Amino acid sequence: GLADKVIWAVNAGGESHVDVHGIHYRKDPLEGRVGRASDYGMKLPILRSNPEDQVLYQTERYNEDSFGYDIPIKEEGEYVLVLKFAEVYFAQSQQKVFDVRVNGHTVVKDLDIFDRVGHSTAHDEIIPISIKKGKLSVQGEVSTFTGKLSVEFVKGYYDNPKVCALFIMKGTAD
């Protein structure tokens, strides 16, 4: 029943896709908020994922600079931001280190997918946030919540989070 608790989800790369657990990615909602499935290399399976949700975990958009998501939040609880990252471009580790921020909060400021996955597969960062009384605590970073959850990912070695299967679900990590 993941489809029930999801509040927001975006795979930067493809276009409007429902994952097999019922998780519908918002067709490229942040770059001009216009969607253009830039699959192209569907011949590079993410391995970990079944063909359709693999698309949701494989397709990438146009990396340029710090581009970020707006996840409007109006409640409190454990919001679990689990984004699936993929990278198939420049084979280098501990150099292509991306920034990953959850409402400004740099949770993964070092994201080098190639090092973490090694070969073309599905990388996942599971980021549970705890909001209480209007304050949003991510892992060990505690700050007051403001307006929405803001996932800003910043370019490291040219690329930032290349494929971005952003999935924020509500209420719990369990």
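As a convention, Cβ positions derive from the backbone with ideal geometry for all residues, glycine included, and neighbour counts pool all protein chains shown. Every read-out reported here was derived from the displayed coordinates using simple, explicitly stated rules and does not represent laboratory data.
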Which whole-Hz couplings ³J(HN,Hα) result when phi for each residue of region 145-158 is put into the Karplus expression 6.51 cos²θ - 1.76 cosθ + 1.60, θ = phi - 60°, listed in order with x for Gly and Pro? 7, 9, x, 7, 7, 10, 8, 9, 10, 10, 5, x, 8, 6
For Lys133, give me every one of the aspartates and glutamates with a C-alpha distance below 15 angstrom, ignoring sequence neighbours fewer than eight places off in its own chain. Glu75, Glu76, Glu78
Computed over the chain, the relative contact order (Cα-Cα under 8 Å, seq sep at least six) in percent reads 31
Expressed as a whole number of Å, what is the distance separating the alpha-carbon centroids of region 109-147 and region 26-66? 20
Quick one: which residues, 5+ away or cross-chain, put their amide H under 5 Å from the amide H of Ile129? H built at 1.01 Å from N. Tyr79, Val80, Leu81
Provide the per-residue ³J(HN,Hα) series for region 110-125, in order, calculated from phi with Karplus coefficients 6.51, -1.76, 1.60 and θ = phi - 60°, each as a whole number of Hz, with x at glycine and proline positions. 2, 5, 10, 4, 3, 6, 6, 8, x, 10, 4, 9, 9, 9, 10, 10
How big is the chain along each principal axis, measuring the range of its Cα positions in Å and listing the largest first? 46, 33, 32
Can you list residues from other chains, or at least 5 along the same chain, whose modelled amide H is less than 5 Å from the amide H of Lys27? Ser16, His17
P(r) for region 64-107, please, calculated from all Cα pair distances in 5 Å bins and given in %. 5, 12, 24, 25, 15, 9, 5, 3, 1
Please tell me the relative contact order of region 75-174 in percent, rounded to the nearest whole number, where contacts are Cα pairs under 8 Å and at least six residues apart. 45
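In the structure displayed, which of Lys43/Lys155; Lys74/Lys170; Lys5/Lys96; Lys109/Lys155 lie more than 22 Å apart, Cα to Cα?
Values: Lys43/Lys155 26 Å; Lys74/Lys170 11 Å; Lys5/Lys96 33 Å; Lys109/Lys155 10 Å.
The answer is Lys43/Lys155; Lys5/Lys96.
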Amide H contacts under 5 Å for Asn160, restricted to residues at least 5 apart in sequence or on another chain and with H modeled in the peptide plane, are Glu64
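Taking the highest mean first, how do the peptides 154-163, 1-10 order by number of other beta carbon atoms within 10 angstrom per residue? Could the numbers behind the result be given before it?
Numbers: 154-163: 19.7, 1-10: 16.8.
In descending order of packing, they fall as 154-163, 1-10.
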Using the number of other C-beta atoms within 10 angstrom as an exposure proxy, rank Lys27, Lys133 with the fewest first. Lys133, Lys27
May I ask you to evaluate 6.51 cos²θ - 1.76 cosθ + 1.60, the Karplus curve with θ = phi - 60°, for each residue of region 14-26 and list the ³J(HN,Hα) values in order in whole Hz, giving x for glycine and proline? x, 7, 5, 10, 9, 6, 4, 8, x, 9, 8, 7, 5
